[PDB]
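Here the structure comes first, spelled out in structure tokens, and everything after it is commentary.
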Amino acid sequence: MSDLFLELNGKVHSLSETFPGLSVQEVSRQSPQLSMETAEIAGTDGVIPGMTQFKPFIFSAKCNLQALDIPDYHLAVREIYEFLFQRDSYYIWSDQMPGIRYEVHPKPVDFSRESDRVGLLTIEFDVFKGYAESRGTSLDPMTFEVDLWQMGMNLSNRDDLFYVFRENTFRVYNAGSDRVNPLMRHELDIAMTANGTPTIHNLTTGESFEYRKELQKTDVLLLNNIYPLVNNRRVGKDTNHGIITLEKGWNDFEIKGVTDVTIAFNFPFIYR
Amino acid sequence: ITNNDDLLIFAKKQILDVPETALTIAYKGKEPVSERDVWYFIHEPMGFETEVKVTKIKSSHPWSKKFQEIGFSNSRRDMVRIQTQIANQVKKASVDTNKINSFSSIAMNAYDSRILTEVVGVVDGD
């Protein structure tokens with residue numbers, strides 16, 4: 001059996017449960033849409049490629065509707081059209097891979113009316129961010145409690161994955177399929193509380209962020225996206241405008257210039 | 001000038017009694033063309049059999065595969081040339097009026113000295 005779960009407006013619905021006549025037959029996804037810009041030079045062979053990107057891709061679900069009668073068929077068609085086509089994006093996942101969800105927008109779908117009560121259809125969804133993601137952020141207990149398989153072992157059972165640290169040097173595990181970069185409009189929050197002048201060094205990626213003012217324990221420094229804040233106030237003028245990115249796997253972090261440091265990382269994993 | 005022969009040669013230089021023509025050729029041969037060489041142009045359908053002196057070249061890189069554009073007997077009209085001519089004429093007029101303002105002021109300045117001379121002579125005559 002198969003099903004499709006849709007999270008929208010803060011509620012989780014089952015496609016086979018919201019519409020009793022609807023039954024999901026098969027679920028599949030398109031390949032990553034690698035896009036690349038090529039430049040040609042006269043007198044030389046081949047092309048020079050620019051930086052590669054990943055265009056939005058398509059998540060498809062082929063299903064059928066078995067209505068009770070013709071009025072039920074029309075009512076179910078209208079209900080499905082009303083439910084699926086909202087004005088804002090929403091998340092979807094499947095029972096086959098419950099640990100990974102896609103933030104999608106619906107695509108036009110045509111009902112193939114085979115009989116007076118039976119209609120086949122294929123619901124397609126545009127994943128417009130170009131990647132999938134975990135069901136929650138790193139700090140979310142939801143993420144590490146359903147399932148997550150990466151090159152063989154389930155990450156929901158590993159006990160060495162921590163994202164809140166109290167020491168000055170530690171390691172952070174990014175389990176995604178590629179690096180997490182706030183410059184790429186990714187989600188990444190870093191919250192610190194310490195005393196002194198903070199300085200964060202990501203030795204794995206060789207990045208650094210420094211705040212050039214004294215800090216106190218009750219003052220929280222939050223780096224969200226490309227913006228640093230102190231007590232929910234933009235303080236970018238007093239920093240080096242550094243951006244901290246997490247590479248694939250283990251990243252070694254060193255905190256210097258402060259004591260009694262408590263640092264937490266909150267970010268979702270990115271899957272290709 | 002004051003004599004008539006200089007005026008005659010100036011007047012001869014002042015007009016153009018032949019149609020103003022400009023020739024453009026798209027050349028795609030192997031032999032390179034320099035800025036000084038004079039070529040021989042033969043083009044039967046357009047009735048050309050003459051010697052042409054290069055006055056404008058728009059060459060491409062030797063690896064660019066593109067054609068070459070070569071001009072003879074001055075260039076086509078174009079607007080940016082007209083704008084440059086208008087701008088330089090404007091600058092010449094501006095410097096002319098700037099000079100003539102000072103010239104007129106000096107003419108006023110040169111008047112007061114002669115006024116003083118007239119006054120001194122009037123006093124002397126009395």
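Here, A, B, ... name the chains of the structure tokens in the order displayed, residue numbers run from 1 inside each chain, and ligands are numbered from 1 in the same displayed order.
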- [ ] Name the residues in contact with segment 144-148 of chain A at a cut-off of 9 Å, using only C-alpha atoms, excluding same-chain residues fewer than 3 positions from it; report them as a list in words.
- [x]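 Counting only C-alpha atoms, the residues come to residues 97, 98, 99, 100, 134, 135, 136, 138, 140, 141, 153, 154, 155, 156, 157 and 158 of chain A.
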Task: Proximal residues of chain B relative to chain A (only C-alpha atoms; 9 Å) as a list in words - done: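 Putting it all together, I get residues 63, 64 and 65 of chain B.
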- [ ] Pick out the closest residue to residue 24 of chain A from this set: A:62, A:233, A:199, A:70. Count only C-alpha atoms.
- [x]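 Distance minimum relative to residue 24 of chain A lands on A:62.
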Task: Exercise: residue 139 of chain A partners within 8 Å, only C-alpha atoms, chain neighbours under 6 positions left out, as number ranges by chain - done: A: 163, 265-267
Output file for the residues above (N, CA, C and O atoms, as a tab-separated table (two decimals), in the first residue's frame):
chain	number	residue	atom	x	y	z
A	163	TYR	N	23.69	18.94	18.75
A	163	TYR	CA	23.67	20.25	18.12
A	163	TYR	C	23.63	21.38	19.14
A	163	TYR	O	23.49	22.55	18.75
A	265	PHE	N	22.91	24.97	17.14
A	265	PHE	CA	22.72	25.04	15.70
A	265	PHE	C	21.33	24.51	15.36
A	265	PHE	O	20.96	23.41	15.79
A	266	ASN	N	20.57	25.29	14.59
A	266	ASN	CA	19.22	24.93	14.18
A	266	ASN	C	19.12	25.11	12.68
A	266	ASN	O	19.07	26.24	12.18
A	267	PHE	N	19.09	23.99	11.94
A	267	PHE	CA	19.05	24.04	10.49
A	267	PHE	C	18.50	22.72	9.98
A	267	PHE	O	18.74	21.68	10.59
Open item on the list: Based on the backbone DSSP call, show me all residues of segment 212-249 of chain A assigned strand (DSSP E), as a list in words.
Closed with: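 Those residues are residues 221, 222, 223, 224, 227, 228, 229, 230 and 249 of chain A.
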How would the residues just chosen look if you wrote them out with N, CA and C atoms as a tab-separated table (two decimals), in the first residue's frame?
chain	number	residue	atom	x	y	z
A	221	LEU	N	23.41	36.07	21.04
A	221	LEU	CA	23.84	36.42	19.69
A	221	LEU	C	23.29	35.37	18.73
A	222	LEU	N	22.43	35.80	17.81
A	222	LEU	CA	21.76	34.89	16.89
A	222	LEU	C	22.14	35.26	15.46
A	223	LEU	N	22.80	34.34	14.77
A	223	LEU	CA	23.11	34.48	13.35
A	223	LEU	C	22.05	33.71	12.57
A	224	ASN	N	21.16	34.43	11.89
A	224	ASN	CA	20.13	33.81	11.07
A	224	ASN	C	20.28	34.30	9.64
A	227	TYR	N	22.17	37.59	8.54
A	227	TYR	CA	22.02	38.68	9.49
A	227	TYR	C	22.41	38.24	10.89
A	228	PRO	N	23.34	38.94	11.54
A	228	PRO	CA	23.59	38.74	12.97
A	228	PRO	C	22.77	39.71	13.81
A	229	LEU	N	22.25	39.20	14.92
A	229	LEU	CA	21.44	39.99	15.83
A	229	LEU	C	21.91	39.78	17.26
A	230	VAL	N	21.80	40.84	18.06
A	230	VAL	CA	22.04	40.78	19.49
A	230	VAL	C	20.76	41.25	20.17
A	249	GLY	N	29.05	16.29	6.08
A	249	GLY	CA	29.72	15.49	7.09
A	249	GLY	C	30.10	16.27	8.33
TODO: Can you pull out every residue within 8 Å of residue 217 of chain A, counting only C-alpha atoms, but drop anything in the same chain fewer than 4 positions away, and send it as a ChimeraX atom specification?
DONE: /A:193-195
Open item on the list: Which of chain B end up as alpha helix (DSSP H) when DSSP is run on this backbone - answer as a PyMOL selection string?
Closed with: chain B and resi 4-13+79-125
Task: Close residues, residue 15 of chain A itself excluded, 10 Å, only C-alpha atoms, min 6 positions apart in chain, as an NGL selection string - done: :A and (3-6 or 21-24 or 80 or 84)
Task: Shell of 8 Å around residue 178 of chain A, only C-alpha atoms, local chain residues under 6 positions omitted, as an MDAnalysis selection string - done: chainID A and resid 247:248 270:272
Which residues come within 7 Å of residue 50 of chain A, counting only C-alpha atoms, excluding same-chain residues fewer than 3 positions away, as an mmCIF file with N, CA, C and O atoms, in the first residue's frame?
data_model
loop_
_atom_site.group_PDB
_atom_site.id
_atom_site.type_symbol
_atom_site.label_atom_id
_atom_site.label_comp_id
_atom_site.auth_asym_id
_atom_site.auth_seq_id
_atom_site.Cartn_x
_atom_site.Cartn_y
_atom_site.Cartn_z
ATOM 1 N N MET A 36 23.403 24.467 -16.425
ATOM 2 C CA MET A 36 24.786 24.874 -16.592
ATOM 3 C C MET A 36 24.886 25.822 -17.776
ATOM 4 O O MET A 36 24.245 25.605 -18.808
ATOM 5 N N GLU A 37 25.686 26.871 -17.620
ATOM 6 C CA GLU A 37 25.897 27.858 -18.670
ATOM 7 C C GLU A 37 27.266 27.640 -19.296
ATOM 8 O O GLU A 37 28.277 27.584 -18.589
ATOM 9 N N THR A 38 27.293 27.521 -20.620
ATOM 10 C CA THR A 38 28.507 27.209 -21.359
ATOM 11 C C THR A 38 28.889 28.378 -22.253
ATOM 12 O O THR A 38 28.034 28.973 -22.915
#
